[PDB]
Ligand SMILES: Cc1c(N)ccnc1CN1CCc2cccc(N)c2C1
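Consider the single chain below, provided in structure tokens and representing the form solved without this ligand.
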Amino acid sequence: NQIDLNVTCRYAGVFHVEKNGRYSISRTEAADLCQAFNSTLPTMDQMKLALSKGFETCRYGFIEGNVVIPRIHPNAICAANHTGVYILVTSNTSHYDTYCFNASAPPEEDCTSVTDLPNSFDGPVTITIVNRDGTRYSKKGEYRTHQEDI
């Protein structure tokens, strides 16, 4: 019973979380997942500030109210070569990665690794935080509160 959570640098508190190496998070699971990091889904203003500090990904993820890709450098296979906070407009499907916002993170680029999952609750799952540099932090627990996401 294992969940891998690939996480990024934080930019103005905002970071990206990909579960199990594929788009697999529902909006309800995304809110619960950020809560395990003492975090919330970023507002659009929080994500725009993160972008301005250097944050970009090539993956769709939830923020509060939308699914987006923050882009700095145009790339034909990332948000169709757009820059800025690219907003997904038309999709059939509901599962994406998520972004999270930790208000206690540093104000600008924080590319140290994530070494804790501070607010996970008791549970049976081995949850592994996987950093971009490969360093891992694992803990037994659970973060999902909605049955439909388990």
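Just count from 1 along the sequence shown to find any residue number.
This protein has a second form, the form deposited with this ligand bound, left out of what is shown; the following refers to that one.
With the site C-alphas superposed, this ligand from its pose in the entry with it bound keeps every atom more than 2.4 Å from the backbone and C-beta atoms of the shown form; the site is open. The three marked residues, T43, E64 and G65, fail to reach this ligand in the entry with it bound, with no heavy atom of any inside 4.5 Å.
For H95, no non-hydrogen atom is located within 4.5 Å of this ligand in the entry with it bound, even though that partner is not displayed. Contact residues in stretch 104-134 (any heavy atom within 4.5 Å of this ligand, taken in the entry with it bound) are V130, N131, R132.
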